[PDB]
């Protein structure tokens, strides 16, 4: 997250770190046994780390749980990033309380102009590289359909939206992929892609979660 602020310990209690000997992606806890993340983050041997704030120090509150299943959406396209969503089943249920909690799925799409919270442990610089120890947050609005398509001609599907800032300096970034975009207490997006990070006229592009609510519930119920 570039241009964001330190969230504070366990103020985003649904935020997870996906770990393979290092932090590589984010995700969102949606019930005690299941996490939602981005398909482009798929790999085998995932450990899910819940209740994290400082990802390099054991502070108390963490729960580390192995992934037992990782289900990439069957229509995921790795060139376009269409259908960039995956579901991870935890090997055992997480223990939920005030510091570890699930986030609700949407019950309608969010409009243009709605303010959302985006969070993660990704790069905090637009040019070079610097990775934070603690969780960073950014408030960003959802942009209009037309501005999104003007920004990325021919690349925006109906399963994507843009959010952020067209003037530069505030965006999600590498290492934030798969992390949550929450508006009014609902998970509306998943951090997916963008051109650099925090460049002028190039906002972040997010998977539109409300299009996948029925798929998510059926996939959970079957697995």
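Residue numbers count along the first chain shown, from 1. Take the two forms, superpose them, and find the largest set of C-alpha atoms that agree within 1.5 Å; that set is the rigid core.
In summary, of the stretches 129-137 and 82-90, 129-137 shows the greater Cα distance from the shown form in 8 other deposited structures of this protein, with structures fitted on the rigid core.
The deposited model assigns a higher average Cα B-factor to 124-132 than to the other stretch when 124-132 and 69-77 are compared. Per the PDB record, of the two stretches 157-165 and 22-30, 157-165 carries the greater mean B-factor over its C-alpha atoms. When the C-alpha B-factors of 82, 107, 102, 119 are read from the PDB record, the largest value belongs to 107. Ranking 35, 39, 197, 191 by Cα temperature factor from the entry places 197 first. The entry lists a Cα temperature factor for residue 96 that places it in the highest third of the chain's modelled residues. Ranked within its chain, residue 178 lands in the lowest third, by CA B factor from the PDB record. The PDB entry assigns residue 63 a C-alpha temperature factor belonging to the lowest third of its chain's modelled residues. Split the chain's modelled residues into thirds by C-alpha temperature factor. Residue 143 is in the middle one. When the modelled residues of the chain are ordered by C-alpha B-factor, residue 9 sits in the highest third.
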